[PDB]
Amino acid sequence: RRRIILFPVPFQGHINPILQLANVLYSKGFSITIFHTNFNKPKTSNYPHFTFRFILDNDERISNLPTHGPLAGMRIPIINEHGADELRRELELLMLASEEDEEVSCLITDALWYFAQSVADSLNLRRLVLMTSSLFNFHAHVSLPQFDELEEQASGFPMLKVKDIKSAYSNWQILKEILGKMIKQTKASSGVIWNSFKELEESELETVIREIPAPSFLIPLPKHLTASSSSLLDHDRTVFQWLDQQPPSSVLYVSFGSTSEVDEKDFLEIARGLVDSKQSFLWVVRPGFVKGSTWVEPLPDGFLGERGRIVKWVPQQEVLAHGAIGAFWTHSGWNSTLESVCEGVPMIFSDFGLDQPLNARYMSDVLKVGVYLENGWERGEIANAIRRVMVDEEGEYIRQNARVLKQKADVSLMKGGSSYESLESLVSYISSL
């Protein structure tokens, strides 16, 4: 009796949170249509209860781009600057074809689809925005003019060091423009859904209240459901029979997300830090991860030994919840970070720029749930980080913080919790649009 249209950005880390939201909203009585590009499409047969519509790449034009590297997502700007007419065409089709007693309540877009705002306005259709990065991260964007007028303790941001900012915003006419339209149009939206929870980013709520005149809602989506049904790669599910053989809290999970890439100098250094830590590890290396190779070709044989295993892909949150996991070495993508937080797993942080440095520093020095490794890649430093989080008594407090943080995330979903009442408002709000 009330349908919601959800249009994600076709990259994991963007597909994952939006389909989590859609499932949650489905949990609350709404119908779901997903607008998706054919590129990077998820497995629609995992969502029998969703209707999928494929758009904007079907009859191609400027999107005959490469499918796998740092230059896909050039689709993002292209579609932003050229997709408006098709989007309006497709939305109008769907609103024609519903109704008997089925309105369309709103359109929820990834905040990167800033072109969607004027399209929805043109159809008198409320639009809601979904942020896939943190509130802290929005607090640094919407402060990127004090930074410009000007190495350690960033002025007006004691959380961060200058290294942090100068690595985060190091491509800054490259995405200056589209980062700002993004903000411009989520301010002008009818509401913003944030994938976190109030007690995770309490220090950041004031900014969001004062910068964004639309209502905000903080929902830790990974506490509602994992993102597994929206996996673009196939799960290596054999890891769990191997995890069932390990003692509790004695495996380090290692994974640098869906898009990062490292050059062989560094890939072989990470291996040795793993071996040098003498901890057991389950290492996800996406085929593509390494400069030179397809998968993990520069790796010698048995080099990991009896304690190491390597795979192309897992159901990450489910692994983070297995009792064998004692720590998570991550590139600090916001989804991974939130998943590890919601499962109570402490982290070792690396990063590849772009919100990742700020996620790492916030979890490292504010919440104190991990060790920020990046002054580079060095074996002994890597081994020291793994052991301080996993074994050292010095790091008992980080492990303890991780457990309490998860409890805070659990409590927030209970009646009178921040996340509970946030979701309750969101449903109420959408139902009156």
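Here the rigid core means the biggest group of C-alpha atoms that line up within 1.5 Å when the two forms are laid on top of each other. Residue numbers here begin at 1 and follow the sequence given.
Stretch 260-268 is the one, of 260-268 and 345-353, whose CA positions lie farther from the shown form in 7 other deposited structures of this protein once all structures are superposed by the rigid core.
In 7 other deposited structures of this protein, superposed by the rigid core, the C-alpha atoms of 94-102 lie farther from the shown form than the other of 94-102 and 137-145. Deposited sequence between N38 and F39: no residues lack coordinates (chain continuous). According to the record, 10 or more deposited residues between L150 and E151 are left without atomic coordinates. Note on 276-284 vs 337-345: mean CA B-factor is higher in 276-284. For the pair 310-318 and 137-145, the mean B factor over Cα atoms is greater in 137-145.
Sorting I174, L200, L243, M131 by the CA temperature factor given in the entry leaves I174 at the top. In the deposited coordinates, the residue among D121, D236, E90, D101 with the greatest CA B-factor is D101.
Ranked within its chain, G69 lands in the highest third, by CA B factor from the PDB record. In this PDB entry, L232 carries a Cα temperature factor that places it within the middle third of its chain's modelled residues.
In this PDB entry, the Cα temperature factor of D110 sits in the bottom third of its chain's modelled residues, the lowest group. Per the PDB record, residue ranking by Cα B-factor puts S364 in the middle third of the chain. Among the modelled residues of its chain, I32 has a C-alpha B-factor that falls in the lowest third, as given in the PDB entry.
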